[PDB]
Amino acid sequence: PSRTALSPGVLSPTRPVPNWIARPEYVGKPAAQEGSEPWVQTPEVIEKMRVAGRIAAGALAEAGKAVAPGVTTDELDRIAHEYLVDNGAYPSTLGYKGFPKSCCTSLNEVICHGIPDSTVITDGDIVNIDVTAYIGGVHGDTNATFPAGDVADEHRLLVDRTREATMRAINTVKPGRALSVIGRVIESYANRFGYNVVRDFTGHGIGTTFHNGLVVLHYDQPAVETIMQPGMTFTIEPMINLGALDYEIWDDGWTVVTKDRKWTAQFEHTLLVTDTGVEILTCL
């Protein structure tokens, strides 16, 4: 057997960031200034996104190394937060639309936007950690689902196959191809196993802003005409459900859970379209 349905815990105090680490403009505001930015980035922007992406990838891998039964999701946030701040990066989620922590930690039936807190990870859990770094005036965004202890076969396979769906979609990225191929490839692969790809959350353009108005769907919709062009930067980040897509949001206003409490998994990279293919910006 795996654990029972989760419930919310208590948050630790807000974690401080030294003042010399520049804040994104939305910290201390209720909304963000984003959604109308260009989709192709300039070379200077891309070079700063490589640095933000590598720092985000390091924070994700250090917090993912700590996933084990007995560890709290708050402890993963401490690790991610400190890694970012020691690298002179601001954690982009902290204060984004009022989100209270430096990463999102989404176990088991939590689709996304789980809030690090007193929740204890236990054997059989799958733990998505999602971290974004703002440094050099740009963002870098990555997430991965990590197993805790011995995970049941149905949940292990969901994680491995989500990871594979994400990588197969990244390996389609090429100038001249339709953006819609990413969702065609993810949903065709998911559907081989009878999984359902979440539709109401998507990937996005990213650059000087977190969510720049470019939308990357992870389901099949070939009517989108957007073409991948050199210098475009965006995420591929499918959330894949064992059960139905219906979902609810907890009273905290953030945590998104499957209504049937069946488990879900997600992986994410920030990508650059190159002249030949793709470059993953969120690698170690």
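In this text, residue numbers run from 1 along the sequence as written. Note that the rigid core is defined as the largest set of C-alphas that superpose within 1.5 Å between two forms.
Between stretches 232-240 and 245-253, greater average Cα displacement in 7 other deposited structures of this protein relative to the shown form, fitted by the core, falls on 245-253. If you average the C-alpha B-factors over 181-189 and over 133-141, the higher value belongs to 181-189.
Comparing the deposited coordinates for 168-176 and 124-132, the stretch with the larger average C-alpha B-factor is 168-176.
Residues shown: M232, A32, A59, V216. Highest C-alpha temperature factor in the entry: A32. Between the residues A22, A265, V10, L271, it is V10 that shows the highest Cα B-factor in the PDB record.
For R156, the recorded CA temperature factor ranks within the highest third of the chain's modelled residues. Ranked within its chain, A52 lands in the lowest third, by CA B factor from the PDB record. Ranked by Cα temperature factor within the chain, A68 sits in the middle third according to the deposited record.
Among the modelled residues of its chain, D150 has a C-alpha B-factor that falls in the highest third, as given in the PDB entry. When the modelled residues of the chain are ordered by C-alpha B-factor, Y90 sits in the lowest third.
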